[PDB]
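Below, in structure tokens: the form deposited in one PDB entry, a single chain.
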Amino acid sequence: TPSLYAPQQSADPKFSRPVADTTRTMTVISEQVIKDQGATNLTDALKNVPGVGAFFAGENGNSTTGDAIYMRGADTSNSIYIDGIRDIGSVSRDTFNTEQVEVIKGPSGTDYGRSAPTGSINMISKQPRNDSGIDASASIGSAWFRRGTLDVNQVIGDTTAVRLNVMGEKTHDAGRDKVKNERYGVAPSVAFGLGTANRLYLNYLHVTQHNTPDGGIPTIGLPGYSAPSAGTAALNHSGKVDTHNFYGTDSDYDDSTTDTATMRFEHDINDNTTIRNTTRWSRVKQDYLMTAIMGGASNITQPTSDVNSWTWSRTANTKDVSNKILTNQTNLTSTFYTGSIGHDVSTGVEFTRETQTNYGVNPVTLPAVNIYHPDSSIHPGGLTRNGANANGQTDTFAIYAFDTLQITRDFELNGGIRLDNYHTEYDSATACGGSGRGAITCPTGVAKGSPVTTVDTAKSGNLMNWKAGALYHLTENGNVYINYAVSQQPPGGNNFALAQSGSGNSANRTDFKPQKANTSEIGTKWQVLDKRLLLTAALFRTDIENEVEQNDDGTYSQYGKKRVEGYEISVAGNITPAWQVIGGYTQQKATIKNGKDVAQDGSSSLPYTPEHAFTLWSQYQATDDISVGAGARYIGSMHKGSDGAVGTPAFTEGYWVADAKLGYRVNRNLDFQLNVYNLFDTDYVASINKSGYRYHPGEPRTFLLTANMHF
């Protein structure tokens, strides 16, 4: 029987082997792991994968929000999937309706189509089970954190089950003033034909959120900060601001809703062959107003020369966006023999429509904020739509075919090919006659404030991708393997935006080529102690090509190159029946290989990427009633991107966070759980923005008390 900390196989029918026999760097985080840790959203689940987190805080005119995940050196937020279907949206994803999260490092275009040059994150949705039972949870923790979840599964006939998951969460922020979050979700589903050759699964998901967003705090007093001028020199001695200070306003808010409907048909043609057809409709809506602060010399106001009277200036960051996907996917898996060669085939076709609409809003002006005594109890405004919108649409037709050839009992080959036909359409417009960062002058005879179109173009293309691997069983517990994969991101694949062809430095020029990523991997996997403990180690290199760089004249072309190289170590499962573990270590050297350096200190490293990262979680059943857990994470130092701001830190220091846990079983119906996070109340930078004026502080020590009920 498999370990609860080491799921043996991916739920995705595109992966024809268990994790231990998959020639990929694959980590599966189970619901048991997430539950034992008290992790309630994707970001906190991903802390079980080293060097994966929200490391970029944004620029000056925008901020990152939600699951802005960085992995293998780049933003991977557009390659988060639900049940293998892309889920774009700068919102945080609750884990209440999720069975496991599958993280594959090293991109492959065969898996899910276009992607970031990093890998893939896949949340697996709960489905109705064959048993009947009720699980309920109630949590109270630091800063009046309150959470309730309910999971109900009921079998009805010989062949029908229904499942319902419900979540409610309300909290302030233990480390931040005025930041509060609130969300509610419901996920009901019904399954027909269980235990039969013909199955229907119907799913629905709704999540509503109302958060107070957080733009960060000034970087005064951090390692590397210097006052930007002689005239502001008191900022070299006035110290770090209180990490609780809120620099936003009482008008700052972040709203979203998620609505997703899925319908899955399954038909067993025989005991070896199954056809599947999945249809999903999904919409994620979000609008927010949040505060970005700036601290350059010309941003600083000095009423009194006492630094307590000084102000930084505020910039509004607004978003009013809608992301929709409609898709239909057919999958066929079959196992059969051609002579002595055994085949496990997985082939399919996908139709997809993806749309993004960014609704223009009126500019919001914010007053200066006191550096050490921010007054946030003011109501500057809210969002008013102005009719100047950006519309993106991408239509995709994809056909794929994978095969894992069993050549002998000890030697396996695997390959895959995928073809994507896409058409992308993009147009944008701005309100004319403004004075800000993207203001466009009104043309003749057009009323001031009218939507003027700045881009309206389209792009059609092909994406041909493939992968190939080889695996050898050294024993019945250990193998070795190599793997090579190609992945691409065409113009308009990152965020639907396109640029007019012929000029500019945008990777989205319709005349440019896709950014191509080629990954190589050599590793070994060992299933130890009765196949209950999985140990892995791999060497990898990703070469990224067609990056936009500038020619000797003004021209731009695609001669740039980037590279991420290193090794990966993972462990997962049971060391003894009483002792569970999960964790990993990575070393990844992300660097510019051709082109301008992008790191502030002028070296070749990529920003917002730690070079060393370590995570380890362990849980031990000390007695029949009492269990104990512990966790430790190390994130290394990283570089800020280059910006013209003067005196702001060019890098951030690595940090250690430790966690602990306690579990007490009262009876089969009731058990308690005490999680405490950042055990040593360590201070650190969790992310820095591009210019370097603001950062997100690391959360302080927090507690979380949970009551688990089962019926």
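One rule holds for the numbers: they count along the sequence shown, beginning at 1. In this text, rigid core is short for the largest set of C-alphas that superpose within 1.5 Å between two forms.
Pick between 272-280 and 552-560: the one whose mean CA B-factor in the entry is higher. 552-560 has the higher mean C-alpha B-factor.
What stretch has the higher average Cα B-factor here, 399-407 or 96-104? According to the PDB entry, the answer is 399-407.
Between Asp427, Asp83, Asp254, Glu565, which one tops the list for C-alpha B-factor in the PDB entry? Answer for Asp427, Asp83, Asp254, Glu565: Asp427, with the highest C-alpha B-factor.
Looking at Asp250, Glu412, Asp111, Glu521, which has the highest Cα B-factor in the entry? Going by the entry's C-alpha B-factors, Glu412 comes out highest.
So where's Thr609 on the chain's Cα temperature factor ranking, which third? For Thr609, whose C-alpha B-factor we compare with every modelled residue in the chain, the answer is the lowest third.
For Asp151, return the chain-relative third of its C-alpha B-factor as stated in the PDB record: lowest, middle or highest. Highest third.
Thinking about Cα B factors across the chain, which third does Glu653 belong to? Lowest third of the chain for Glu653's C-alpha B-factor.
Quick check for you: using the entry's CA B-factors within this chain, is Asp21 in the lowest, middle or highest third? According to the entry, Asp21 has a C-alpha B-factor in the chain's middle third.
Once the chain's modelled residues are ordered by C-alpha B factor and cut into thirds, is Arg665 in the lowest, middle or highest one? Highest third.
Heads up, the form deposited in another entry isn't pictured, but that's what we're talking about next.
Core-superposed comparison between this form and the one not shown - Cα displaced by 2 angstroms or more, from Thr475, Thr623, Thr441, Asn198: The residue that shifts is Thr441.
Would the C-alpha of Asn277 be classed as shifted by 2 Å or more between this form and the one not shown after rigid-core alignment? The answer is no; the displacement is under 2 Å.
After superposition on the rigid core, does the Cα atom of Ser460 shift by at least 2 Å between this form and the one not shown? It does not reach a 2 Å shift.
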